[PDB]
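*Asks:*
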Amino acid sequence: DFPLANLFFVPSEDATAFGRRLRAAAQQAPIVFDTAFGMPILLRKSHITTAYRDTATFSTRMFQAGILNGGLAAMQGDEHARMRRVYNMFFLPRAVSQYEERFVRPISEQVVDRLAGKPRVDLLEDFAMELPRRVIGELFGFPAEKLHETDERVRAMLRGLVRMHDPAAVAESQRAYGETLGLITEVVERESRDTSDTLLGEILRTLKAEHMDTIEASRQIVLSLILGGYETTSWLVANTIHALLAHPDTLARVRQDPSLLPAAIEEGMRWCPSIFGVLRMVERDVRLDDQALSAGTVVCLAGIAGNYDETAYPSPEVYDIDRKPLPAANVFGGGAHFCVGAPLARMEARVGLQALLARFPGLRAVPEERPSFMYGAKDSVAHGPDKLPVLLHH
Ligand code: HEM
Ligand SMILES: CC(=O)[C@H]1CC[C@H]2[C@@H]3CCC4=CC(=O)CC[C@]4(C)[C@H]3CC[C@]12C
């Protein structure tokens, strides 16, 4: 029914190639069948907006088939709303700013410290991944190093959530989750005791108060903070750094005026998104204009296909932090499932980049070796760089 295409697993040293490829496809067809994901990809903005809104027709029930079953993302309707309110409490604005003061800022300074005394580093492994890892460590009360040991299992878990029709990816996802459950069980057990003094402890306490603290619910809260809070957040920071490093005049301006960091992050999400969109399951035969989707089909909403719509964002290939209005983020999903941790991720990007920019006025990309970009970078489910080598000193 749909044209076939390979939208995602395509390397380039041009960070805009991904955004431009999706926009190009959207001009050819509203829906394409991706040969690597093995599912229809919705590219048309009105179709995506409809899909996000009509949750009875476009559900997240595909997540009942894999490792997210039992967690928030797999829930629908009232069960979802009820668990969502619980999660919501911990990402309210005041809670976020409490995290910023009490640990994101000190951790950021510590991470930057470890970069001192070296002439060159890779800001991907040594910053973008380090900072979110240590934040989750703080929320768990467990050493960041412990999470670092899970990197490969974490990425294996995520790959199967996207390519959920691929038996090898799904099996490795399930197996990786099994190989991480000892860890997850240890963390849950510790912070579920009355002696817990961690944010995770407070969350488990809240689930307990609502009589929702089943083994699976508690494990899924930890799983989401790892998959989202650590791995997925890393790529947002990485892409924001690449955008600044690639545009040294904008980087200098941001260093001179760190109040611009929110605009740098948002434009970065338009210009170099780390995620394409979301998955939904079609619950009933539906037609979207001339396109028909059959009940039971799993689809991807590629909300980022509009990031490079020139009629919406002129000169879309230009990383312009001064755009008015600032682009609406498409990397957090939509509808009732819109990412609940996004406020934490956005704050970490700002607070970490501030600490970095202030400490190294000489910060610049190593002008030799260029980052290579693709969806699937480093075996992730992100579009991001393979490395971000910089020079820190003049
Ligand atoms: C740059 C960082 C992040 C990005 C781009 C991101 C992206 C996403 C996306 C695309 C979804 C699917 C939404 C949908 O189906 O509409 C999602 C959901 C979710 N994420 Fe985030 N994530 C990030 C960080 C985080 C963090 C830090 C946490 C935990 C603190 C988190 C926890 C969750 C949860 C629990 C869901 C399920 C929400 C629901 O179904 O209602 N994520 N995220
Ligand atoms: C529910 C949950 O833990 C969240 C936190 C991290 C999220 C994911 C983050 C990565 C992401 C990229 C996509 O394109 C599909 C949705 C996914 C695969 C998200 C699904 C749900 C996740 C796994």
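Numbering-wise, the numbering used here comes out as the position in the sequence shown, counting from 1, plus 150. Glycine is no exception: its CB is placed at the ideal position from the N, C-alpha and C atoms.
#1: Can you determine whether any heavy atom of ligand 1 sits closer than 8 angstroms to the C-beta of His230, and answer yes or no?
#2: Alpha helix (DSSP H) containing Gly534: first to last residue?
#3: For the segment 248–262 against the segment 353–367, do three or more pairs of beta-carbon atoms, one drawn from each stretch, fall closer than 8 angstroms, so that the two count as touching?
#4: I'd like the list of long-range same chain contacts for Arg284, defined as Cβ closer than 7 angstroms, with 5 residues on each side in sequence excluded.
#5: Output yes or no for whether 9 angstroms exceeds the beta carbon distance between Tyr327 and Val490.
#6: For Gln370, which residues in the same chain have their Cβ closer than 6 angstroms to its Cβ, ignoring the five residues on either side in sequence?
#7: Give a yes or no on whether the C-beta atoms belonging to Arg403 and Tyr463 are separated by under 9 angstroms.
#8: Whole angstroms are fine: how far does the CA of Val432 sit from the CA of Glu336?
#9: Beta-carbon within less than 8 angstroms of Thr207's beta-carbon, same chain only, minus the 5 sequence neighbours each way: which residues are those?
#10: How long is the line joining the alpha carbons of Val468 and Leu218, rounded to whole angstroms?
#11: DSSP state of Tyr463, grouped into three classes?
#12: Tell me the residue span of the beta strand (DSSP E) that contains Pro539.
#13: Leaving out the 5 sequence neighbours to the left and right, which residues in its chain are closer than 7 angstroms to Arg509 when beta-carbon positions are compared?
#14: Looking at the secondary structure, which residues open and close the beta strand (DSSP E) in which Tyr525 lies?
#15: Can you have a look at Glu518 and say buried or exposed, based on whether 16 or more other CB atoms are within 10 angstroms of its CB?
#16: I need the DSSP call for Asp529, collapsed to helix, strand or coil.
#17: If you drop the 5 nearest sequence neighbours on each side, which residues of the same chain put their C-beta closer than 6 angstroms to that of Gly169?
#18: Closer than 8 angstroms to a non-hydrogen atom of ligand 2 - does that hold for the CB of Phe426?
*Replies:* On the basis of the coordinates in this document:
#1: Numbered from its first residue, the sequence shown carries residue 230 at position 80. Distance from the C-beta of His230 to the nearest heavy atom of ligand 1 is below 8 angstroms.
#2: The count along the sequence shown starts at 1 and reaches residue 534 at position 384. It is not in any alpha helix (DSSP H) - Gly534 instead sits in the beta strand (DSSP E) that spans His533 to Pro535.
#3: no
#4: Counting from 1 along the sequence shown, the entry for residue 284 is found at position 134. So the list reads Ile257, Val261 and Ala294, once near-sequence residues are dropped.
#5: Counted from its first residue, the sequence shown places residue 327 at position 177. Counted from its first residue, the sequence shown places residue 490 at position 340. The answer is no: Cβ separation not under 9 angstroms.
#6: Residue 370 sits at position 220 when you count from the first residue of the sequence shown. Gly220 and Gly221.
#7: If you number the sequence shown from 1, residue 403 lands on position 253. If you number the sequence shown from 1, residue 463 lands on position 313. Not closer than 9 angstroms, so no.
#8: Counted from its first residue, the sequence shown places residue 336 at position 186. Counted from its first residue, the sequence shown places residue 432 at position 282. If I take the Cα positions, the gap works out to 37 angstroms.
#9: Within the sequence shown, numbered from 1, the residue matching residue 207 stands at position 57. Cβ neighbours of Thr207 beyond the five flanking positions: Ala201, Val432, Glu433, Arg434 and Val436.
#10: Position 318 of the sequence shown, counted from the first residue, corresponds to residue 468. Position 68 of the sequence shown, counted from the first residue, corresponds to residue 218. Their Cα atoms are separated by approximately 37 angstroms.
#11: Numbered from its first residue, the sequence shown carries residue 463 at position 313. DSSP, reduced to helix, strand and coil, places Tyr463 outside both helices and strands of the structure shown, so it counts as coil.
#12: Counting from 1 along the sequence shown, the entry for residue 539 is found at position 389. Its beta strand (DSSP E) spans residues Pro539 to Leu541.
#13: Locating residue 509 in the sequence shown gives position 359, counting from the first residue. The answer, listed in chain order, is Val262.
#14: Along the sequence shown, read from residue 1 onward, the residue named residue 525 stands at position 375. That run of the beta strand (DSSP E) goes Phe523 to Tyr525.
#15: Working through the sequence shown from its first residue, we reach residue 518 at position 368. By the neighbour-count rule (16 or more Cβ atoms within 10 Å), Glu518 is not buried but exposed.
#16: Here residue 529 corresponds to residue number 379 of the sequence shown, with the count starting at 1. The answer is helix: DSSP assigns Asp529 an H, G or I state.
#17: Residue numbering aside, residue 169 sits at position 19 when the sequence shown is read from its first letter. So the qualifying residues of the chain are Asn457 and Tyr458.
#18: Residue mapping note: residue 426 aligns to position 276 of the sequence shown, counting from 1. Checking every heavy atom of ligand 2 against the Cβ of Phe426, one is found closer than 8 angstroms.
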